[PDB]
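Asker: So that we are looking at the same thing, I have put the structure below in C-alpha cells.
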Amino acid sequence: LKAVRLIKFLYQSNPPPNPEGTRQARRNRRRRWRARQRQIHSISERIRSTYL
Amino acid sequence: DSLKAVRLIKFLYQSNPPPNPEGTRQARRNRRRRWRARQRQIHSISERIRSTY
Amino acid sequence: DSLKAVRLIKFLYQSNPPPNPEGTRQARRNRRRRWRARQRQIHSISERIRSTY
Amino acid sequence: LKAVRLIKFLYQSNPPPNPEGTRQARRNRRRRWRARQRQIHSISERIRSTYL
Amino acid sequence: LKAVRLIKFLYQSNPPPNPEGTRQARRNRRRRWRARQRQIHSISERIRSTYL
Amino acid sequence: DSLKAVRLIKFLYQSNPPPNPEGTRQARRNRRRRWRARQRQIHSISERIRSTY
RNA sequence: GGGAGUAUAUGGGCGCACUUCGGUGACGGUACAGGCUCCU
RNA sequence: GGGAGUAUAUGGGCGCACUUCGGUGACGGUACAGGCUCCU
RNA sequence: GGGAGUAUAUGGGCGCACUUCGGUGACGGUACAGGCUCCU
Numbered sequence: 013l014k015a016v017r018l019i020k021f022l023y024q025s026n027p028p029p030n031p032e033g034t035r036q037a038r039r040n041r042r043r044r045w046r047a048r049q050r051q052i053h054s055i056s057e058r059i060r061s062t063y064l
Numbered sequence: 011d012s013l014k015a016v017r018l019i020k021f022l023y024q025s026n027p028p029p030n031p032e033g034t035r036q037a038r039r040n041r042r043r044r045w046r047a048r049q050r051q052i053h054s055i056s057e058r059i060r061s062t063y
Numbered sequence: 011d012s013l014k015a016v017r018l019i020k021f022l023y024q025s026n027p028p029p030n031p032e033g034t035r036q037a038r039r040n041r042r043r044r045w046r047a048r049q050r051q052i053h054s055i056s057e058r059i060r061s062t063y
Numbered sequence: 013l014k015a016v017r018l019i020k021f022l023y024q025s026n027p028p029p030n031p032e033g034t035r036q037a038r039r040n041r042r043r044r045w046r047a048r049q050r051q052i053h054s055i056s057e058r059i060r061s062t063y064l
Numbered sequence: 013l014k015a016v017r018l019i020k021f022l023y024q025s026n027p028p029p030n031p032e033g034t035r036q037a038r039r040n041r042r043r044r045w046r047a048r049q050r051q052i053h054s055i056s057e058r059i060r061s062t063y064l
Numbered sequence: 011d012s013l014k015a016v017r018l019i020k021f022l023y024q025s026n027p028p029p030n031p032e033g034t035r036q037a038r039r040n041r042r043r044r045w046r047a048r049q050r051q052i053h054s055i056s057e058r059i060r061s062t063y
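Chains as they are written, first to last, in the deposited numbering: chain C, 13 to 64; chain B, 11 to 63; chain B', 11 to 63; chain C', 13 to 64; chain C'', 13 to 64; chain B'', 11 to 63. A prime marks a further copy of an entry chain.
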C-alpha cells in the first residue's frame, strides 16, 4: 500500500514498555522502546526516499 | 506498482548485511539475534505488501 | 467599558451564521446542534460579562 | 472582565475526555477534546483582536 | 566529580510532588517543584560557568 | 583539582547573602528558611565533592 | 483544565521548643497559602 | 527524578534444545544488563 | 501505539418528545461513529 500506511504499520508493531518493576528496569524498557522507535524512523526514511 | 515493491523489499534485505561471527558465543548469538530481528521486520513489511495484493 | 463588551457579544453572535437546512433530517439536526453549541458558548461569555458587572 | 480571564474561562469550560473504554473510543474522545480546544483558540483570537 | 554529575545529583535531590489531594493543592505542589527545578538550573549554570 | 572545588564551594557560599531581618516574625523566619535551604544545598554539593575524594 | 514566568520573590496561623510570659526559635517547613502577567 | 544520543552498537549467565560431552543453537530474547556524553 | 490537521467540517440509527402517523424536534448529543492527509 502507500508508504505512509506501511510506516504506520511499523510504528504499530512497536509494543509499549512494561510499567511494572523498579525505576531502573522501567527506565531500561523505555530506552529499548525508544531505540526501536529510532530504528523504525530510520528504515521509514530509507523506505520513503525510494519506492515513490 | 508491484515491481517497485519487490525491488524495495530486495533492497531492504540487501541493505542488511550478515552479522559478524567473532567474539564469544553470546556476542555472536546476539549479533545474529539483532540481524534476525531486522530480517523479521523486513519480512513483516513484505508480507503486508503481499497481503494487500 | 460596557459598550465595548456589548458590541463584542453582538459581533460574536453576528459572526455565527445560521446552519444549512439541507440534506437528511440527521444532518440538519447536527448542523443545528453545532450552531446551538456556538450560540451557547457566546452566551456563556456574555453571561460571564454580565456577572462581573 | 479582562479578555485573558474570559479566555481562561473558555478553556476551563472544556471537559477532559473519558479515560475509560476501548483504545479507539478514548482516541475519538481525545480528538473531540482537541477540536474543542482548537475552537476555543480561534474564538479567543477573534476576541483578543478586538475588545481592546 | 565532573560538573555534569554534580548537576545530575542536584536534579536527583528534587522530590516529585504529591499526586494526592485537591486539584488546587496538587497544582501548588507542582508549582513548588517547578520553582525548585528553576533554582537547580540557575545554580547549575553558575557552577558550569566556572569550575572548568 | 581539589583547589578549584574548594574555591567553587566558597564562591557559592559567598554568593548567598544573609536574609533580611525585617518585617513580621514569620516573614523573617521564612527568609531565614529559604536562606538555610540554599546553604543546605551548597553543603550537599560540597559534601558530595568530599565523598568522591 | 494544562503550562510558563514574576521567584536567589512574598508570608499567613496552627502545632512544638525556649522564655524574664513581653516575646524568641538558621524547629514541624524540601510543608502550606497562591496572588499578578501571559500562553494554551 | 525525567529526556536525548552513542545504537543498523555492546553481550553477560541462567534456563531449554542438540551433542562426538569438547562444544553448538538465524531457541526462551521484541527478554535482560546499562555504561559513556550532553540536556533538564 | 502516539500526535497534528482537514474541522466555525461530515452525519449515522437507537432511545425519548410531538404528530394530521406522512413526518417533525435550536431533545438524550459538550454524546457517538472516524474517514482522508502528514508526522512520529
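Where a beta carbon is used, it is the ideal one built from N, C-alpha and C, also for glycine.
In chain B'', what lies closer than 7 Å to residue 63 of chain C'' by C-beta?
Answerer: Within chain B'', the residues near residue 63 of chain C'' are 14 and 18.
Asker: Under 8 Å, Cβ to Cβ, is there at least one residue of chain B' near residue 25 of chain C'?
Answerer: Cβ-Cβ to chain B' under 8 Å: yes for residue 25 of chain C'.
Asker: For the stretch 23–55 of chain B', enumerate the residues whose C-beta is nearer than 8 Å to any C-beta of chain C', in chain order.
Answerer: If the cut-off is 8 Å between Cβ atoms, the stretch 23–55 of chain B' has 25, 51, 54 and 55 near chain C'.
Asker: Does DSSP classify residue 14 of chain C' as helix, strand or coil?
Answerer: Residue 14 of chain C': coil per DSSP, three-state reduction.
Asker: Take residue 41 of chain B' as the anchor and find which of B'/28, B'/61, B'/14 and B'/18 has the nearest alpha-carbon.
Answerer: For the residues B'/28, B'/61, B'/14 and B'/18, the minimum Cα distance to residue 41 of chain B' belongs to B'/28.
Asker: By Cβ distance below 8 Å, which residues in the same chain neighbour residue 64 of chain C'' in space, the five residues on each side in sequence not counted?
Answerer: Result list for residue 64 of chain C'': 15, in chain order.
Asker: In chain order, what residues of the same chain lie with their CB nearer than 8 Å to the CB of residue 48 of chain B, ignoring the 5 residues before and after it?
Answerer: Here the set comprises 26.
Asker: Buried or exposed for residue 13 of chain C', please, with buried defined as at least 16 other CB atoms from any protein chain shown within 10 angstroms of its CB.
Answerer: Exposed is the call here.
Asker: In chain C, which residues lie with their C-beta within 7 Å of the C-beta of residue 58 of chain B?
Answerer: Near residue 58 of chain B (Cβ distances below 7 Å), the residues of chain C are 18 and 21.
Asker: If you measure between the beta carbons of residue 19 of chain C and residue 54 of chain C, is that distance less than 8 Å?
Answerer: The answer is no: Cβ separation not under 8 Å.
Asker: For the alpha helix (DSSP H) that residue 57 of chain B'' lies in, which residues bound it at each end?
Answerer: Its alpha helix (DSSP H) spans residues 35–61.
Asker: Check whether the Cβ atoms of residue 22 of chain B and residue 52 of chain B sit closer than 8 Å, and answer yes or no.
Answerer: Yes. Within cutoff.
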